Amino acid sequence: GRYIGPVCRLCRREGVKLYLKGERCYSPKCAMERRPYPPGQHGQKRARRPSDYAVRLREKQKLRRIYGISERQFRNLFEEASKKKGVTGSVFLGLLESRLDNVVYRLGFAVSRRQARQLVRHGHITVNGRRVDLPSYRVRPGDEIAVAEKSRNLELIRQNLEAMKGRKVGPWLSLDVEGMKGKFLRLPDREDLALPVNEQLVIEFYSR
Amino acid sequence: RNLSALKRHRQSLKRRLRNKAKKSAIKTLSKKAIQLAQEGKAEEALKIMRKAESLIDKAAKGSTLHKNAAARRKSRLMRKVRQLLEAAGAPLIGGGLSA
Amino acid sequence: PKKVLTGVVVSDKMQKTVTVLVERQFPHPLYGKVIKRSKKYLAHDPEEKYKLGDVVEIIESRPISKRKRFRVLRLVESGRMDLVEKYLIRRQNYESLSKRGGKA
Amino acid sequence: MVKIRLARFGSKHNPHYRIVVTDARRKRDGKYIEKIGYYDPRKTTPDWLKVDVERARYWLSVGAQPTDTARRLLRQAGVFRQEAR
RNA sequence: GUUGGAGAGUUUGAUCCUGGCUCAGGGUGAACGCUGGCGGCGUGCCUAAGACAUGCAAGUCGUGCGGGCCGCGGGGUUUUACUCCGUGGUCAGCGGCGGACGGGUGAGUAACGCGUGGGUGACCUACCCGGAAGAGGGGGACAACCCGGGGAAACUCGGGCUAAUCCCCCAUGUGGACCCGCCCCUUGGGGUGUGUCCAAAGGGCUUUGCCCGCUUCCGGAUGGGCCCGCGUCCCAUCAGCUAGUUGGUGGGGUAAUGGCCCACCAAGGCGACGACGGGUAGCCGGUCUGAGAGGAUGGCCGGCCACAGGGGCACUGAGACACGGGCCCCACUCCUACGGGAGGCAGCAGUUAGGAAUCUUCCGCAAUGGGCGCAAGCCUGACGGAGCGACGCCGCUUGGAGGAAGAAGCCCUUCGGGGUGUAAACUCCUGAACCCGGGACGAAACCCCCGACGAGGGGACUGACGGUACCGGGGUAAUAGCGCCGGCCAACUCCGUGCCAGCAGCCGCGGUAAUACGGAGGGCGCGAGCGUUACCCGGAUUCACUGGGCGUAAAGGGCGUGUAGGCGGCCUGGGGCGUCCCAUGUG
Ligand SMILES: [Mg+2]
Ligand SMILES: [Mg+2]
Ligand SMILES: [Mg+2]
Ligand SMILES: [Mg+2]
Ligand SMILES: [Mg+2]
Ligand SMILES: [Mg+2]
Ligand SMILES: [Mg+2]
Ligand SMILES: [Mg+2]
Ligand SMILES: [Mg+2]
Ligand SMILES: [Mg+2]
Ligand SMILES: [Mg+2]
Ligand SMILES: [Mg+2]
Ligand SMILES: [Mg+2]
Ligand SMILES: [Mg+2]
Ligand SMILES: [Mg+2]
Ligand SMILES: [Mg+2]
Ligand SMILES: [Mg+2]
Ligand SMILES: [Mg+2]
Ligand SMILES: [Mg+2]
Ligand SMILES: [Mg+2]
Ligand SMILES: [Mg+2]
Ligand SMILES: [Mg+2]
Ligand SMILES: [Mg+2]
Ligand SMILES: [Mg+2]
Ligand SMILES: [Mg+2]
Ligand SMILES: [Mg+2]
Ligand SMILES: [Mg+2]
Ligand SMILES: [Mg+2]
Ligand SMILES: [Mg+2]
Ligand SMILES: [Mg+2]
Ligand SMILES: [Mg+2]
Ligand SMILES: [Mg+2]
Ligand SMILES: [Mg+2]
Ligand SMILES: [Mg+2]
Ligand SMILES: [Mg+2]
Ligand SMILES: [Mg+2]
Ligand SMILES: [Mg+2]
Ligand SMILES: [Mg+2]
Ligand SMILES: [Zn+2]
């Protein structure tokens with residue numbers, strides 16, 4: 001299935017915050033905040049040089065975890081941007097944002113990505129006016145990501161549809177706060193997304 | 001046993017025994033045309049030739065010889081009799097023969 | 001286009017028949033230098049006209065015997081023994097390279 | 001004889017049919033001599049049926065026999081229509 | 001958008017080069033182990049072309065025709081016997097069309113078998129389409145049925161009746177065939193002149209005309225035989241093979257050319273540019289690998305081939321030399337009265353065998369396809385679906401939001417403390433499964449009336465998946481498992497053990513401080529899969545066209561001569577074979 005387990009420990013594995021714990025992950029709690037060093041018995045001891053391949057892999061893992069999809073199809077998404085006409089680093093992401101489970105988490109309707117998924121899986125979501133239980137979902141420019149009326153008066157929807165009067169979307173996006181709607185303007189750029197990944201280093205792991 | 005099948009082999013038998021009668025008539029008859037052709041009896045050979053040539057064609061309407069294969073046996077005979085009568089005497093009838 | 005072939009007769013020693021040597025040039029499948037490889041076509045010459053060493057064209061045709069599938073079109077040149085010697089030199093040399101032997 | 005019929009090119013529960021000209025005894029979905037259109041019987045599109053009339057109108061001056069199904073799909077294509085007075 | 005190319009480990013006290021073995025990457029018709037919740041779509045005897053029980057797998061037309069039987073209804077007699085017409089249940093037969101298509105398996109073949117492209121003036125072609133014409137007259141058979149004989153059986157023998165689109169003679173012959181003649185073309189192609197020969201069959205109904213048929217002829221299309229050009233694995237530790245062998249004239253045979261086959265005559269044919277023998281394998285579209293060039297491979301789907309227990313053979317027919325047709329021998333199995341006969345799944349499904357491994361004796365002919373029929377219809381183990389198998393790819397759940405300066409227990413500790421770890425406990429939220437109801441598309445044809453039998457229009461029939469998918473409502477917190485952690489290779493410590501026990505792909509670890517063995521805690525990678533074994537490619541510029549080398553590293557023949565073959569100087573011109581270019585047909 002999906003990975004399911006001790007999430008804020010990769011808040012610390014690759015050494016920087018991955019906001020996957022979600023609304024806690026802006027505390028002086030999310031695990032990183034306390035103890036930067038990554039897991040078990042040794043995590044505090046002196047860390048030596050990382051192999052050329054170490055680093056090659058770290059920065060791949062980060063981007064795989066951070067987006068909350070498992071390897072086997074993190075691949076067919078890479079290998080589907082390769083097969084596509086344009087910059088490979090920049091196409092890749094481009095079809096991470098078009099996935100449904102992170103079409104929500106940037107459209108507001110959730111606290112973290114792992115949560116944001118549940119709402120997709122469970123019949124809660126509208127796509128060009130229909131119900132989609134499919135995180136694997138290719139959201140195109142002009143699509144309509146909303147909520148089905150039935151779930152609307154749920155707290156989790158709403159405390160989150162709240163806070164959005166203090167934030168903004170992401171410039172490829174209109175949020176319709178009140179009407180509970182959302183619109184996919186275009187794809188992103190590598191202009192926008194300021195992730196803590198370096199993407200060529202990802203591709204240099206999918207060269208070997 | 002499968003009575004769709006058996007039917008067609010009993011069938012076979014009956015046509016083989018009409019196809020035997022057909023051919024093994026024509027051999028016989030046309031051999032007795034070659035024969036009268038040798039010693040110049042242009043009268044009689046040219047008779048036998050036509051009662052050969054027809055028993056040909058009527059085995060050609062049927063499924064014994066083909067039009068291609070029956071036409072064949074017409075040229076075997078017709079020519080070879082027109083030619084045995086070379087080494088003898090001129091065609092009396094001119095039945096199955098074009099001068 | 002019942003194929004047309006230019007080759008030089010190398011065998012008279014048969015009846016209404018004759019052997020012809022046609023050759024072709026081409027880049028080697030892989031290695032790709034021009035090579036030149038040839039083959040001999042048992043042609044049909046009825047009236048017997050063409051002789052031992054002539055330069056002829058042949059065309060694909062109604063099968064005449066077992067290995068006769070070419071009639072002879074026309075003559076491009078007569079007298080060209082140069083190759084008939086060469087072809088016989090090759091045919092000769094088989095006398096050598098045997099594990100019967102070759103004497104001095 | 002020469003015939004015109006239907007040949008499968010979908011999968012389980014998802015048939016998409018092809019219009020074909022092919023020799024009677026030939027295997028169903030086999031080396032046909034001419035594709036003259038498709039027919040979507042699950043009809044999931046605006047274009048769930050194309051034919052092109054002018055070929056089936058050579059192909060019957062030809063003398064290629066339709067099915068029932070395929071016959072009905074040609075009348076409905078316009079294939080068999082007449083005009084003037 | 002030149003879209004595309006990662007290497008390390010190991011010879012030595014060490015260093016540079018050669019060079020092999022080795023690992024990392026992707027790949028399957030997979031199996032094996034620990035583990036295994038689901039669905040969609042694929043897919044599943046790779047081994048014995050070993051042997052198969054039972055059922056089905058090709059038949060259909062009563063509008064080609066005559067009866068059996070078992071009834072049912074109506075007629076000639078006042079009543080019986082018996083006989084007359086139709087009709088229903090039905091069963092073989094006579095006849096037509098089909099059985100050669102579909103399906104299966106690669107045993108066989110190194111071959112015109114397959115791929116590519118051409119010849120066929122050397123050819124056939126059923127049902128379908130168009131065009132030209134014609135069905136007049138006479139005769140007889142074989143079944144079915146009846147009566148009789150052989151036989152354990154298989155079934156086989158005998159004489160009699162009879163019809164028909166079954167068989168035959170006569171005529172007309174628009175046309176066609178053959179012989180000979182001329183005239184174009186030029187391998188047997190097209191015309192024309194005389195002689196010669198051949199046609200047919202009737203059933204049905206909306207009966208004085210429409211339908212399914214019938215016969216001879218040119219043509220369309222379709223499919224197909226046959227022939228050639230190039231392509232088509234290895235070993236020369238196989239170098240010489242050939243007597244129907246190569247060619248000639250006559251002949252037979254076929255739809256057709258031809259040693260194909262026969263007779264007779266000349267002595268040829270082939271081969272190092274691999275003849276011959278031996279070994280192996282169906283070939284291809286494509287499939288996997290790879291930067292490319294190549295290397296590997298041809299299950300499924302599709303195109304061509306070849307077989308139907310082994311082998312030879314012909315009949316019927318347009319077609320085969322025929323899987324569920326036929327004649328003969330052999331092996332094997334089986335019935336037997338010891339004369340004799342039966343039998344063929346590599347068609348679906350299963351059994352047995354073998355083997356590391358490969359499944360249901362399922363539903364339905366609704367769809368689609370084929371046979372037959374005027375039609376309703378009929379057969380359809382093709383096929384459409386379901387079942388079983390994580391075998392494979394993809395889609396999906398096992399929660400999520402909050403939560404301690406951070407519980408217990410478990411491990412390390414330098415005894416201060418570090419780690420599992422916000423993970424758990426509880427707080428809140430959502431609701432796979434399940435429950436209730438509704439509930440498909442896939443299917444409009446053939447048919448029927450209108451209308452002309454046409455174009456067009458109207459009505460009717462029908463769902464094996466399935467009470468599935470999907471929509472409305474309800475609702476529980478709700479499977480985790482494998483490999484690894486010295487280097488290459490992401491991951492570090494305590495004990496136990498002490499060259500023992502053991503790991504291992506390579507070098508290697510273990511002889512009381514083991515990051516290597518077995519456990520624990522901790523860690524990395526993956527997730528309904530994770531590993532191991534086998535094979536294909538990459539790595540491997542370690543077969544080197546791209547892209548290599550010989551002084552010592554594996555390697556220059558011990559030296560010449562010279563044949564095949566490979567290669568070649570300067571000046572101009574003709575050819576255009578190569579090579580370039582454009583249009584076109586094919587792929
Ligand atoms: Mg629901
Ligand atoms: Mg015959
Ligand atoms: Mg050393
Ligand atoms: Mg690679
Ligand atoms: Mg693997
Ligand atoms: Mg088990
Ligand atoms: Mg097998
Ligand atoms: Mg009756
Ligand atoms: Mg077949
Ligand atoms: Mg061989
Ligand atoms: Mg009798
Ligand atoms: Mg007559
Ligand atoms: Mg008749
Ligand atoms: Mg009659
Ligand atoms: Mg083999
Ligand atoms: Mg390479
Ligand atoms: Mg191969
Ligand atoms: Mg296949
Ligand atoms: Mg068998
Ligand atoms: Mg046999
Ligand atoms: Mg069988
Ligand atoms: Mg049908
Ligand atoms: Mg499954
Ligand atoms: Mg398993
Ligand atoms: Mg998956
Ligand atoms: Mg939680
Ligand atoms: Mg409908
Ligand atoms: Mg390491
Ligand atoms: Mg181990
Ligand atoms: Mg120790
Ligand atoms: Mg250990
Ligand atoms: Mg190589
Ligand atoms: Mg070298
Ligand atoms: Mg040396
Ligand atoms: Mg030496
Ligand atoms: Mg020169
Ligand atoms: Mg010059
Ligand atoms: Mg040129
Ligand atoms: Zn976090």
# chains A, B, ... in the order shown; residues from 1 in each chain; ligands from 1

$ residues_near_ligand --ligand "ligand 25" --cutoff "12 Å" --atoms "only C-alpha atoms (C1' of nucleotides) and all ligand atoms" --output "PDB file with N, CA and C atoms (P, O5', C5', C4', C3', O3' and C1' of nucleotides), in the first residue's frame"
ATOM      1  N   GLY A   1       0.807  -1.209   0.000  1.00  0.00           N
ATOM      2  CA  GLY A   1       0.000   0.000   0.000  1.00  0.00           C
ATOM      3  C   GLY A   1       0.844   1.264   0.000  1.00  0.00           C
ATOM      4  N   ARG A   2       0.476   2.233   0.844  1.00  0.00           N
ATOM      5  CA  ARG A   2       1.320   3.408   1.081  1.00  0.00           C
ATOM      6  C   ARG A   2       2.142   3.259   2.375  1.00  0.00           C
ATOM      7  N   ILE A  69       4.179   9.484  -2.049  1.00  0.00           N
ATOM      8  CA  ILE A  69       3.853   8.356  -2.939  1.00  0.00           C
ATOM      9  C   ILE A  69       5.011   7.352  -2.966  1.00  0.00           C
ATOM     10  N   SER A  70       4.658   6.065  -3.025  1.00  0.00           N
ATOM     11  CA  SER A  70       5.614   4.967  -2.934  1.00  0.00           C
ATOM     12  C   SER A  70       6.440   4.792  -4.202  1.00  0.00           C
ATOM     13  N   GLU A  71       7.632   4.235  -4.009  1.00  0.00           N
ATOM     14  CA  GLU A  71       8.625   4.058  -5.054  1.00  0.00           C
ATOM     15  C   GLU A  71       8.079   3.563  -6.383  1.00  0.00           C
ATOM     16  N   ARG A  72       7.392   2.422  -6.390  1.00  0.00           N
ATOM     17  CA  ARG A  72       7.132   1.730  -7.654  1.00  0.00           C
ATOM     18  C   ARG A  72       6.508   2.623  -8.729  1.00  0.00           C
ATOM     19  N   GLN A  73       5.851   3.689  -8.297  1.00  0.00           N
ATOM     20  CA  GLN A  73       5.187   4.574  -9.236  1.00  0.00           C
ATOM     21  C   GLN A  73       5.760   5.981  -9.180  1.00  0.00           C
ATOM     22  N   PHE A  74       6.652   6.219  -8.210  1.00  0.00           N
ATOM     23  CA  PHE A  74       7.524   7.398  -8.229  1.00  0.00           C
ATOM     24  C   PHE A  74       8.366   7.265  -9.497  1.00  0.00           C
ATOM     25  N   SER A 136      -4.098   8.522  -7.645  1.00  0.00           N
ATOM     26  CA  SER A 136      -3.380   8.429  -8.947  1.00  0.00           C
ATOM     27  C   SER A 136      -3.867   9.385 -10.070  1.00  0.00           C
TER      28      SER A 136
ATOM     29  P     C E  38      -7.919 -11.869  -0.635  1.00  0.00           P
ATOM     30  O5'   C E  38      -8.324 -10.490  -1.327  1.00  0.00           O
ATOM     31  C5'   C E  38      -9.610 -10.293  -1.884  1.00  0.00           C
ATOM     32  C4'   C E  38      -9.895  -8.820  -2.084  1.00  0.00           C
ATOM     33  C3'   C E  38      -9.991  -8.359  -3.529  1.00  0.00           C
ATOM     34  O3'   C E  38     -11.233  -8.651  -4.126  1.00  0.00           O
ATOM     35  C1'   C E  38      -8.596  -6.853  -2.337  1.00  0.00           C
ATOM     36  P     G E  39     -11.358  -9.873  -5.160  1.00  0.00           P
ATOM     37  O5'   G E  39     -11.453  -9.128  -6.572  1.00  0.00           O
ATOM     38  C5'   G E  39     -12.582  -8.327  -6.897  1.00  0.00           C
ATOM     39  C4'   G E  39     -12.183  -6.974  -7.439  1.00  0.00           C
ATOM     40  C3'   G E  39     -11.661  -6.953  -8.862  1.00  0.00           C
ATOM     41  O3'   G E  39     -12.699  -6.972  -9.824  1.00  0.00           O
ATOM     42  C1'   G E  39     -10.262  -5.628  -7.477  1.00  0.00           C
ATOM     43  P     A E 390      -3.246 -17.806  -5.148  1.00  0.00           P
ATOM     44  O5'   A E 390      -2.724 -16.346  -5.502  1.00  0.00           O
ATOM     45  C5'   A E 390      -1.338 -16.094  -5.602  1.00  0.00           C
ATOM     46  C4'   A E 390      -1.023 -15.065  -6.653  1.00  0.00           C
ATOM     47  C3'   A E 390       0.443 -14.985  -7.057  1.00  0.00           C
ATOM     48  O3'   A E 390       0.820 -15.973  -8.018  1.00  0.00           O
ATOM     49  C1'   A E 390      -0.345 -12.811  -6.562  1.00  0.00           C
ATOM     50  P     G E 392       4.929 -12.423  -9.775  1.00  0.00           P
ATOM     51  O5'   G E 392       4.576 -11.442 -10.980  1.00  0.00           O
ATOM     52  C5'   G E 392       5.443 -11.327 -12.099  1.00  0.00           C
ATOM     53  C4'   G E 392       4.743 -10.733 -13.301  1.00  0.00           C
ATOM     54  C3'   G E 392       4.175  -9.337 -13.132  1.00  0.00           C
ATOM     55  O3'   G E 392       5.167  -8.338 -13.261  1.00  0.00           O
ATOM     56  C1'   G E 392       2.666 -10.740 -14.362  1.00  0.00           C
ATOM     57  P     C E 393       5.447  -7.315 -12.062  1.00  0.00           P
ATOM     58  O5'   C E 393       4.574  -6.044 -12.491  1.00  0.00           O
ATOM     59  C5'   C E 393       5.028  -5.164 -13.512  1.00  0.00           C
ATOM     60  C4'   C E 393       3.913  -4.718 -14.439  1.00  0.00           C
ATOM     61  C3'   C E 393       2.957  -3.670 -13.894  1.00  0.00           C
ATOM     62  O3'   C E 393       3.495  -2.357 -13.929  1.00  0.00           O
ATOM     63  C1'   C E 393       1.725  -5.385 -14.967  1.00  0.00           C
ATOM     64  P     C E 394       3.780  -1.563 -12.553  1.00  0.00           P
ATOM     65  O5'   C E 394       2.347  -0.964 -12.191  1.00  0.00           O
ATOM     66  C5'   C E 394       1.900   0.254 -12.777  1.00  0.00           C
ATOM     67  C4'   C E 394       0.452   0.183 -13.212  1.00  0.00           C
ATOM     68  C3'   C E 394      -0.579   0.520 -12.158  1.00  0.00           C
ATOM     69  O3'   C E 394      -0.707   1.897 -11.921  1.00  0.00           O
ATOM     70  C1'   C E 394      -1.223  -1.458 -13.178  1.00  0.00           C
ATOM     71  P     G E 395      -0.614   2.441 -10.418  1.00  0.00           P
ATOM     72  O5'   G E 395      -2.137   2.363  -9.930  1.00  0.00           O
ATOM     73  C5'   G E 395      -3.165   3.131 -10.556  1.00  0.00           C
ATOM     74  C4'   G E 395      -4.539   2.788 -10.009  1.00  0.00           C
ATOM     75  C3'   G E 395      -4.639   2.606  -8.497  1.00  0.00           C
ATOM     76  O3'   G E 395      -4.710   3.814  -7.761  1.00  0.00           O
ATOM     77  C1'   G E 395      -5.586   0.745  -9.501  1.00  0.00           C
ATOM     78  P     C E 396      -3.750   4.007  -6.477  1.00  0.00           P
ATOM     79  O5'   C E 396      -4.688   3.591  -5.242  1.00  0.00           O
ATOM     80  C5'   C E 396      -6.094   3.410  -5.397  1.00  0.00           C
ATOM     81  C4'   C E 396      -6.688   2.514  -4.322  1.00  0.00           C
ATOM     82  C3'   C E 396      -5.879   2.320  -3.044  1.00  0.00           C
ATOM     83  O3'   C E 396      -5.924   3.420  -2.149  1.00  0.00           O
ATOM     84  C1'   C E 396      -6.708   0.239  -3.751  1.00  0.00           C
ATOM     85  P     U E 397      -4.950   3.451  -0.858  1.00  0.00           P
ATOM     86  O5'   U E 397      -5.691   2.481   0.181  1.00  0.00           O
ATOM     87  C5'   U E 397      -6.952   2.827   0.752  1.00  0.00           C
ATOM     88  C4'   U E 397      -7.427   1.787   1.749  1.00  0.00           C
ATOM     89  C3'   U E 397      -6.555   1.593   2.985  1.00  0.00           C
ATOM     90  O3'   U E 397      -6.786   2.565   3.995  1.00  0.00           O
ATOM     91  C1'   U E 397      -7.094  -0.518   2.065  1.00  0.00           C
ATOM     92  P     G E 527       7.947   0.118  -3.303  1.00  0.00           P
ATOM     93  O5'   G E 527       6.915  -0.688  -2.384  1.00  0.00           O
ATOM     94  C5'   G E 527       5.934  -1.546  -2.953  1.00  0.00           C
ATOM     95  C4'   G E 527       5.659  -2.751  -2.074  1.00  0.00           C
ATOM     96  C3'   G E 527       4.268  -2.827  -1.474  1.00  0.00           C
ATOM     97  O3'   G E 527       3.368  -3.481  -2.351  1.00  0.00           O
ATOM     98  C1'   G E 527       5.943  -3.291   0.188  1.00  0.00           C
ATOM     99  P     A E 528       1.981  -2.795  -2.756  1.00  0.00           P
ATOM    100  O5'   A E 528       0.993  -3.423  -1.690  1.00  0.00           O
ATOM    101  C5'   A E 528       0.192  -4.552  -2.017  1.00  0.00           C
ATOM    102  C4'   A E 528       1.014  -5.788  -2.291  1.00  0.00           C
ATOM    103  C3'   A E 528       0.259  -6.896  -3.029  1.00  0.00           C
ATOM    104  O3'   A E 528       1.168  -7.630  -3.859  1.00  0.00           O
ATOM    105  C1'   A E 528       1.001  -7.719  -0.947  1.00  0.00           C
ATOM    106  P     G E 529       1.540  -7.129  -5.352  1.00  0.00           P
ATOM    107  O5'   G E 529       3.072  -7.569  -5.486  1.00  0.00           O
ATOM    108  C5'   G E 529       4.133  -6.729  -5.043  1.00  0.00           C
ATOM    109  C4'   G E 529       4.530  -7.025  -3.610  1.00  0.00           C
ATOM    110  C3'   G E 529       6.017  -7.259  -3.339  1.00  0.00           C
ATOM    111  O3'   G E 529       6.772  -6.055  -3.257  1.00  0.00           O
ATOM    112  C1'   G E 529       4.651  -8.774  -2.085  1.00  0.00           C
TER     113        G E 529
END

$ closest_residue --among "E:43, E:116, E:579, E:552" --to "residue 389 (chain E)" --atoms "only C-alpha atoms (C1' of nucleotides)"
E:43

$ residues_near_ligand --ligand "ligand 20" --cutoff "10 Å" --atoms "only C-alpha atoms (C1' of nucleotides) and all ligand atoms" --output "JSON, numbers by chain"
{"E": [307, 308, 309, 310, 311, 312, 313]}

$ residues_near_ligand --ligand "ligand 35" --cutoff "8 Å" --atoms "only C-alpha atoms (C1' of nucleotides) and all ligand atoms" --output "MDAnalysis selection string"
chainID E and resid 556:558

$ select_by_dssp --residues "region 99-206 of chain A" --states "strand (DSSP E)" --output "count of residues only"
8

$ interface_residues --of "chain C" --to "chain E" --cutoff "6 Å" --atoms "only C-alpha atoms (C1' of nucleotides)" --output "list in words"
residues 2, 14, 15, 30, 31, 37, 60, 63, 65 and 90 of chain C

$ interface_residues --of "chain D" --to "chain E" --cutoff "8 Å" --atoms "only C-alpha atoms (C1' of nucleotides)" --output "VMD selection string"
chain D and resid 1 to 2 6 to 8 13 23 25 to 28 30 to 31 41 to 42 60 to 65 68 to 69 72 80 to 83

$ residues_around --residues "residue 29 (chain B)" --least-positions-apart "5" --cutoff "12 Å" --atoms "only C-alpha atoms (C1' of nucleotides)" --output "number ranges by chain"
B: 21-24, 34-36, 45, 47-56, 77

$ write_last_selection --atoms "N, CA, C and O atoms" --output "short mmCIF file (atom, residue, chain, number, x, y, z; two decimals), in the first residue's frame"
data_model
loop_
_atom_site.label_atom_id
_atom_site.label_comp_id
_atom_site.auth_asym_id
_atom_site.auth_seq_id
_atom_site.Cartn_x
_atom_site.Cartn_y
_atom_site.Cartn_z
N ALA B 21 -16.31 -46.24 -64.88
CA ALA B 21 -17.05 -46.61 -66.08
C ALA B 21 -16.85 -45.59 -67.19
O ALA B 21 -16.81 -45.95 -68.37
N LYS B 22 -16.71 -44.33 -66.80
CA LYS B 22 -16.54 -43.23 -67.75
C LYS B 22 -15.18 -43.30 -68.46
O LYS B 22 -15.12 -43.41 -69.69
N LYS B 23 -14.10 -43.22 -67.67
CA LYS B 23 -12.73 -43.22 -68.19
C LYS B 23 -12.48 -44.52 -68.92
O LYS B 23 -12.24 -44.52 -70.13
N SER B 24 -12.58 -45.62 -68.18
CA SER B 24 -12.31 -46.95 -68.70
C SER B 24 -13.23 -47.34 -69.85
O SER B 24 -13.13 -48.43 -70.39
N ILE B 34 -7.12 -45.20 -82.26
CA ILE B 34 -5.71 -45.25 -82.59
C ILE B 34 -5.51 -46.43 -83.53
O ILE B 34 -4.86 -46.32 -84.56
N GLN B 35 -6.13 -47.54 -83.16
CA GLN B 35 -6.00 -48.78 -83.91
C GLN B 35 -6.46 -48.66 -85.36
O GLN B 35 -5.69 -48.98 -86.28
N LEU B 36 -7.68 -48.20 -85.58
CA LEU B 36 -8.20 -48.09 -86.94
C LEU B 36 -7.52 -46.97 -87.70
O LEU B 36 -7.65 -46.87 -88.92
N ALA B 45 -12.07 -45.05 -88.85
CA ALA B 45 -11.37 -44.40 -87.76
C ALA B 45 -12.03 -43.07 -87.43
O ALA B 45 -12.24 -42.75 -86.26
N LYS B 47 -15.02 -42.31 -87.91
CA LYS B 47 -16.26 -42.58 -87.21
C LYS B 47 -15.95 -42.69 -85.71
O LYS B 47 -16.43 -41.89 -84.91
N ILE B 48 -15.11 -43.66 -85.36
CA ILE B 48 -14.73 -43.93 -83.97
C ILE B 48 -14.20 -42.71 -83.25
O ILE B 48 -14.36 -42.57 -82.04
N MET B 49 -13.57 -41.81 -84.00
CA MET B 49 -13.00 -40.60 -83.43
C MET B 49 -14.08 -39.69 -82.84
O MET B 49 -13.89 -39.09 -81.79
N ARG B 50 -15.21 -39.58 -83.53
CA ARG B 50 -16.28 -38.72 -83.07
C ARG B 50 -17.12 -39.33 -81.95
O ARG B 50 -17.60 -38.61 -81.08
N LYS B 51 -17.28 -40.65 -81.96
CA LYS B 51 -17.96 -41.34 -80.85
C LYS B 51 -16.97 -41.51 -79.70
O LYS B 51 -17.27 -42.17 -78.71
N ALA B 52 -15.79 -40.93 -79.87
CA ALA B 52 -14.79 -40.83 -78.81
C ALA B 52 -14.87 -39.42 -78.26
O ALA B 52 -15.16 -39.21 -77.09
N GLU B 53 -14.64 -38.47 -79.16
CA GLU B 53 -14.68 -37.03 -78.90
C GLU B 53 -15.90 -36.53 -78.12
O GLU B 53 -15.79 -35.54 -77.40
N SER B 54 -17.05 -37.19 -78.29
CA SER B 54 -18.27 -36.83 -77.54
C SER B 54 -18.29 -37.43 -76.15
O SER B 54 -18.60 -36.76 -75.17
N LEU B 55 -17.95 -38.72 -76.08
CA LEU B 55 -17.89 -39.42 -74.81
C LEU B 55 -16.80 -38.76 -73.95
O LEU B 55 -16.77 -38.91 -72.72
N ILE B 56 -15.92 -38.01 -74.62
CA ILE B 56 -15.02 -37.06 -73.99
C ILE B 56 -15.86 -35.95 -73.36
O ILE B 56 -16.01 -35.90 -72.14
N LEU B 77 -5.85 -37.49 -79.36
CA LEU B 77 -6.45 -38.31 -80.40
C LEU B 77 -6.47 -37.61 -81.75
O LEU B 77 -5.79 -38.04 -82.69
#

$ residues_around --residues "region 53-64 of chain A" --least-positions-apart "2" --cutoff "10 Å" --atoms "only C-alpha atoms (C1' of nucleotides)" --output "MDAnalysis selection string"
(chainID A and resid 10:11 13:16 18 49:51 66:71 73:75 93 195:206 208) or (chainID E and resid 489:490)

$ residues_around --residues "region 86-90 of chain B" --least-positions-apart "5" --cutoff "9 Å" --atoms "only C-alpha atoms (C1' of nucleotides)" --output "mmCIF file with N, CA, C and O atoms, in the first residue's frame"
data_model
loop_
_atom_site.group_PDB
_atom_site.id
_atom_site.type_symbol
_atom_site.label_atom_id
_atom_site.label_comp_id
_atom_site.auth_asym_id
_atom_site.auth_seq_id
_atom_site.Cartn_x
_atom_site.Cartn_y
_atom_site.Cartn_z
ATOM 1 N N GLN B 38 -4.165 -46.607 -87.746
ATOM 2 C CA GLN B 38 -2.887 -47.105 -88.261
ATOM 3 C C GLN B 38 -2.911 -47.451 -89.765
ATOM 4 O O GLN B 38 -2.186 -46.850 -90.570
ATOM 5 N N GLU B 39 -3.763 -48.405 -90.135
ATOM 6 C CA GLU B 39 -3.757 -48.988 -91.476
ATOM 7 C C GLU B 39 -4.731 -48.299 -92.431
ATOM 8 O O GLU B 39 -5.286 -48.932 -93.328
ATOM 9 N N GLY B 40 -4.954 -47.007 -92.206
ATOM 10 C CA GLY B 40 -5.606 -46.141 -93.176
ATOM 11 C C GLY B 40 -7.086 -46.292 -93.493
ATOM 12 O O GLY B 40 -7.545 -45.802 -94.527
ATOM 13 N N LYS B 41 -7.848 -46.942 -92.619
ATOM 14 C CA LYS B 41 -9.289 -47.071 -92.834
ATOM 15 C C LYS B 41 -9.975 -45.762 -92.481
ATOM 16 O O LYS B 41 -10.781 -45.715 -91.552
ATOM 17 N N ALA B 42 -9.656 -44.707 -93.229
ATOM 18 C CA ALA B 42 -10.082 -43.344 -92.901
ATOM 19 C C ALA B 42 -11.586 -43.236 -92.697
ATOM 20 O O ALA B 42 -12.064 -42.375 -91.968
ATOM 21 N N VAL B 81 -4.516 -39.058 -85.051
ATOM 22 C CA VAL B 81 -5.194 -39.799 -86.105
ATOM 23 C C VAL B 81 -5.056 -39.107 -87.459
ATOM 24 O O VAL B 81 -4.835 -39.759 -88.479
#
